[PDB]
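Have a look at input.pdb below; it lists PDB, N, CA and C atoms.
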ATOM      1  N   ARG A   1     222.695 129.718 111.109
ATOM      2  CA  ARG A   1     223.020 129.909 112.517
ATOM      3  C   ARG A   1     223.290 128.571 113.199
ATOM      4  N   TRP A   2     224.531 128.370 113.628
ATOM      5  CA  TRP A   2     224.918 127.132 114.295
ATOM      6  C   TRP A   2     225.195 127.376 115.775
ATOM      7  N   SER A   3     224.233 127.018 116.619
ATOM      8  CA  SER A   3     224.373 127.201 118.060
ATOM      9  C   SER A   3     224.972 125.958 118.709
ATOM     10  N   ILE A   4     226.299 125.904 118.758
ATOM     11  CA  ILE A   4     226.996 124.771 119.355
ATOM     12  C   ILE A   4     227.866 125.215 120.525
ATOM     13  N   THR A   5     227.325 125.102 121.734
ATOM     14  CA  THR A   5     228.051 125.491 122.937
ATOM     15  C   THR A   5     229.278 124.610 123.146
ATOM     16  N   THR A   6     229.061 123.424 123.703
ATOM     17  CA  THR A   6     230.149 122.487 123.958
ATOM     18  C   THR A   6     230.235 121.433 122.861
ATOM     19  N   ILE A   7     229.085 121.069 122.305
ATOM     20  CA  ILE A   7     229.032 120.071 121.244
ATOM     21  C   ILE A   7     229.971 120.434 120.100
ATOM     22  N   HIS A   8     230.327 121.711 120.017
ATOM     23  CA  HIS A   8     231.224 122.189 118.970
ATOM     24  C   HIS A   8     232.468 121.311 118.877
ATOM     25  N   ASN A   9     232.815 120.666 119.987
ATOM     26  CA  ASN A   9     233.984 119.796 120.030
ATOM     27  C   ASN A   9     233.738 118.513 119.242
ATOM     28  N   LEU A  10     232.529 117.975 119.361
ATOM     29  CA  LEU A  10     232.166 116.750 118.659
ATOM     30  C   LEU A  10     231.877 117.030 117.188
ATOM     31  N   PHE A  11     231.916 118.306 116.815
ATOM     32  CA  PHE A  11     231.660 118.707 115.437
ATOM     33  C   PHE A  11     232.931 119.236 114.779
ATOM     34  N   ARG A  12     233.698 120.019 115.530
ATOM     35  CA  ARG A  12     234.939 120.591 115.021
ATOM     36  C   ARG A  12     235.791 119.522 114.344
ATOM     37  N   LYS A  13     235.598 118.272 114.752
ATOM     38  CA  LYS A  13     236.349 117.157 114.185
ATOM     39  C   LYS A  13     235.456 116.297 113.297
ATOM     40  N   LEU A  14     234.215 116.101 113.727
ATOM     41  CA  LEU A  14     233.261 115.299 112.969
ATOM     42  C   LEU A  14     232.914 115.971 111.644
ATOM     43  N   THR A  15     232.550 117.248 111.712
ATOM     44  CA  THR A  15     232.196 118.005 110.518
ATOM     45  C   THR A  15     233.310 118.970 110.128
ATOM     46  N   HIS A  16     234.530 118.661 110.553
ATOM     47  CA  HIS A  16     235.682 119.502 110.246
ATOM     48  C   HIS A  16     235.751 119.806 108.753
ATOM     49  N   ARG A  17     235.225 118.892 107.944
ATOM     50  CA  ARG A  17     235.229 119.062 106.496
ATOM     51  C   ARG A  17     234.418 120.291 106.090
ATOM     52  N   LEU A  18     233.423 120.630 106.901
ATOM     53  CA  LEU A  18     232.572 121.783 106.628
ATOM     54  C   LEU A  18     232.923 122.949 107.547
ATOM     55  N   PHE A  19     233.226 122.636 108.802
ATOM     56  CA  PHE A  19     233.581 123.657 109.781
ATOM     57  C   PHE A  19     235.096 123.810 109.883
ATOM     58  N   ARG A  20     235.790 123.507 108.790
ATOM     59  CA  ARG A  20     237.243 123.610 108.756
ATOM     60  C   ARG A  20     237.703 124.993 109.208
ATOM     61  N   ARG A  21     236.866 125.997 108.964
ATOM     62  CA  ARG A  21     237.187 127.368 109.344
ATOM     63  C   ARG A  21     237.464 127.466 110.841
TER      64      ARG A  21
END

Can you give me the file's structure in the form of structure tokens?
Amino acid sequence: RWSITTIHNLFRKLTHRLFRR
């Protein structure tokens, strides 16, 4: 369970390798 409200932006690119979906 990944609860990322706005931070999702700093992850969508940072962890894009994992959250590529």

- Enumerate the residues of chain A with a DSSP assignment of helix (DSSP H, G or I), computed from the backbone, and present them as a list in words.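 Here is the list: residues 8, 9, 10, 11 and 12 of chain A.
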
Please write out, as JSON, where the centre of an axis-aligned box around all listed atoms of stretch 2-12 of chain A lies and how long its edges are, in Å to one decimal, after adding 8 Å on each side.
{"center_x": 230.0, "center_y": 122.6, "center_z": 118.8, "size_x": 27.6, "size_y": 27.6, "size_z": 26.3}

- Just the residues within 12 Å of residue A:19, please, counting only C-alpha atoms, with nothing from its chain fewer than 3 positions along; format it as a ChimeraX atom specification. /A:2,4,8-16
